[PDB]
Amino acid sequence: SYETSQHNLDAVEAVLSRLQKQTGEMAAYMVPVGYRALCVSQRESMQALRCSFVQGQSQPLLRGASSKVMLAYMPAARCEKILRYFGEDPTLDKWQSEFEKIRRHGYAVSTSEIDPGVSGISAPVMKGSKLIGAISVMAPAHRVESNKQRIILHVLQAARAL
């Protein structure tokens, strides 16, 4: 359980519940742990979506909107260590341009980086200047294509509420 380790799980659960009722999509709260993104709380799909994000399990902090938001908002030194572990060169424009874009917008969007046909939209959860986690919606590209601005606004709204 993350009852004693996630200080604000009640608040997180309330935000994710609303977010799914606003978008009709799966939503999760992710936190960075070393080289990986841990899914701490997840709503679960009322459709039949079976993607790689599972509550209590982690993914490498590298691909997808959630990973890219956390990498963009954590300290540079930390971000560099992680990307170098995965064999990426953090100094390249393809990374630096993405992080600048993310910080300008306040969220990231990804498509099919993890699961073919599934997109991610994510925004950082901050405590002051410290990145603590991210709120994300994981949803079929079929639906994101019709609801992109709606999902972005609600994801931003969810993250800001925490």
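Numbers follow the displayed sequence, beginning with 1.
Checked against the record, the higher mean CA B factor of 94 to 102 and 112 to 120 lies with 94 to 102. The mean C-alpha temperature factor is higher for 137 to 145 when 137 to 145 and 18 to 26 are set side by side. Remark: of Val31, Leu62, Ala48, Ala65, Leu62 shows the highest value [criterion: C-alpha B-factor in the PDB entry].
Split the chain's modelled residues into thirds by C-alpha temperature factor. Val125 is in the middle one.
Remark: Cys39 belongs to the lowest third of its chain, ranked by C-alpha B-factor as recorded. Annotation for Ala11: CA B-factor lies in the middle third of the chain's modelled residues.
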